[PDB]
Structure formats: C-alpha cells, structure tokens
Amino acid sequence: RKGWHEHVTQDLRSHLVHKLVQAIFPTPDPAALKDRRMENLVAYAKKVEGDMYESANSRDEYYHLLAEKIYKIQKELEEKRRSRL
Amino acid sequence: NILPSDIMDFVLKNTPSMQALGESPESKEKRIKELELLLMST
Ligand SMILES: [Cl-]
Ligand SMILES: [Cl-]
Ligand SMILES: [Cl-]
Ligand SMILES: [Cl-]
Ligand SMILES: [Cl-]
Ligand SMILES: [Cl-]
Ligand SMILES: [Cl-]
C-alpha cells in the first residue's frame, strides 16, 4: 500500500505534476504563463498528484490513477467547448 | 501520407507529449493506457 513510495523520488513527482499541468493546458503563451490563474492551475495539479500519490497501492496504480484523471479533465474541457458550438 | 515529412518533424519536435494532435477514434481504455505510457516516459 505505501512501500512503493520508497522508490518514488520528489524529482519524479515533480516531473509528473509537470506532465499533469501540460495535459490540462498544453502550450500557454507568455501572458498565460505569467497570469495568477496559471498558479491556480499548477496548485490544482499538485493537489491531484498528491491525492493519487496518497491513495495508490502501487506505482503502476499511481500512474493509472493519474491517467484516468487526465482523461477525465480533458473530456470535461472538450465537452465544454463543443457545447458552445 | 500528405503532410511533408519536414513539416511533420518540425511540428512533432515542438509539441509537448501530453498535448493531443488530433481526434482520431480510440476507446476510452486505449487512451488511458496511452496516457499511462506518456507519464512513464523520461
Ligand atoms: Cl506497505
Ligand atoms: Cl488579476
Ligand atoms: Cl509531500
Ligand atoms: Cl458557459
Ligand atoms: Cl514533452
Ligand atoms: Cl467517460
Ligand atoms: Cl497504437
């Protein structure tokens, strides 16, 4: 349940939060990167990652939970956009 | 395929892995496995 944590480095978790941010908002322009709202996005990502890190029972399940989250967020974004068309 | 390979290379070089490039059909489960792969990479 929590033994796998010993193999996961903070450096890894950081790269993963980064991938989580890119998955939500792939390529922000300089103005967006500077916006306070971008900080809100990053904090949300770190929150999700921490949630999955503290509920997974294996490294494999940890990646899987993150992927499911990403799938779900991207689906939410796509639907919202289509609803305006 | 119709996209000139030099343009393809330029675009792919400059696109983050987590960004979608197109909306080709594939199941939810296959996309989630792909996402797991993209996270696992170094
Ligand atoms: Cl344990
Ligand atoms: Cl403001
Ligand atoms: Cl922590
Ligand atoms: Cl609205
Ligand atoms: Cl990348
Ligand atoms: Cl669904
Ligand atoms: Cl494939």
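When the Cα atoms of chain B are enclosed in a convex hull and the volume is divided per residue, what value in Å³ results?
Once divided by residue count, the hull of chain B is 90 Å³.
So what's Rg/Rh here for the protein assembly as shown, counting alpha carbon atoms and using the Kirkwood radius for Rh?
Numbers: Rg = 16.0 Å, Rh = 16.1 Å.
When Rh is taken as the Kirkwood radius, the ratio is 0.99.
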Could you sort out which of A:2/A:46; A:2/A:34; A:46/B:33; A:34/A:80; A:2/A:69 sit more than 29 Å apart by Cα distance in this structure? A:2/A:34
Between residue A:81 and residue A:38, with labels modelled 7 Å along Cα→Cβ, what's the label distance in nm to one decimal, could you check? 1.9 nm
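Exactly which trypsin sites (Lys or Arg not before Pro) in region A:12-85 are in a DSSP loop and have at most 15 other Cβ atoms within 10 Å?
On the way: sites: A:13, A:19, A:34, A:36, A:37, A:46, A:47, A:59, A:69, A:72, A:75, A:80, A:81, A:82, A:84; in loops: A:84.
Filter output for region A:12-85: A:84.
Rule-based calculations on the coordinates, nothing more; no lab input. Please note: Cβ atoms are built from the backbone with ideal geometry, for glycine as well, and neighbour counts cover all protein chains shown.
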